[PDB]
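The sequence shown begins at 2 in this note's numbering and counts up by one. Here is the structure we will look at.
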Amino acid sequence: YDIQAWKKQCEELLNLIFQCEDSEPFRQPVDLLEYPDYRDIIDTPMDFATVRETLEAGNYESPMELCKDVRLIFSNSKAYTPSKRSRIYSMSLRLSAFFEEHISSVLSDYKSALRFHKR
Ligand SMILES: CS(=O)(=O)Cc1nc2ccccc2[nH]1
């Protein structure tokens, strides 16, 4: 029932994600010199350094907000991919499975702690 525990749990999950070779394309904002049409396709770019910085700045109120930004990294990858077989898209699918597997308990514990707080 610790309402704040999600933050360190998210920091540790982001550390695991940065160690994972599948996060390489997503560790920093997309470079427009490499992908000049990126903003024609993607409304809201997102990457793991921006997620980490937002968390460390105290700019996420809940793990649901962090989850929404991480899911945006994966939906941007799916929207930009030229094919379902691309290297970077295949990396985002594995990384998404890894993220969803680990964020589930974080979200559950936070929501349970908040329901207890407001009982
Ligand atoms: C900096 S990035 O994340 O590699 C930009 C991007 N996102 C993609 C998704 C699929 C294929 C190529 C893609 N290039």
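Quick reminder that beta carbons are idealized off the backbone N, C-alpha and C, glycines included.
Leaving aside the five residues before and after residue i along the sequence, list all residues of the same chain whose C-beta is less than 6 Å from its C-beta, in chain order.
i: residue 93; result: 75, 78
i: residue 7; result: 64, 107, 111
Using the Cα positions of residue i and residue j, report the straight-line distance between them to the nearest angstrom.
i: residue 11; j: residue 83; result: 31 Å
i: residue 61; j: residue 55; result: 7 Å
i: residue 118; j: residue 88; result: 45 Å
i: residue 112; j: residue 13; result: 19 Å
i: residue 1; j: residue 32; result: Lying before the first or after the last residue shown, residue 1 is absent from the chain, which here runs from 2 to 120.
i: residue 47; j: residue 73; result: 6 Å
i: residue 102; j: residue 15; result: 13 Å
i: residue 35; j: residue 26; result: 12 Å
i: residue 2; j: residue 120; result: 12 Å
i: residue 68; j: residue 104; result: 8 Å
i: residue 44; j: residue 29; result: 17 Å
i: residue 107; j: residue 66; result: 12 Å
Can you tell me whether residue i is helix, strand or coil according to DSSP?
i: residue 85; result: coil
i: residue 47; result: coil
i: residue 29; result: coil
i: residue 37; result: coil
i: residue 6; result: coil
i: residue 21; result: coil
i: residue 61; result: coil
i: residue 72; result: helix
i: residue 120; result: coil
By Cβ distance below 8 Å, which residues in the same chain neighbour residue i in space, the five residues on each side in sequence not counted?
i: residue 95; result: 23
Between residue i and residue j, how many whole angstroms is the CB-CB distance? I'm expecting something under 8 Å.
i: residue 115; j: residue 4; result: 6 Å
Against chain B, with Cβ distances strictly below 8 Å, would residue i count as a contact?
i: residue 57; result: Judged by its chain identifiers, the structure shown contains no chain B, having just a single protein chain.
Residues near ligand 1, criterion Cβ-heavy atom distance below 6 Å: 26, 27, 31, 36, 78, 81, 82, 87, 89, 90
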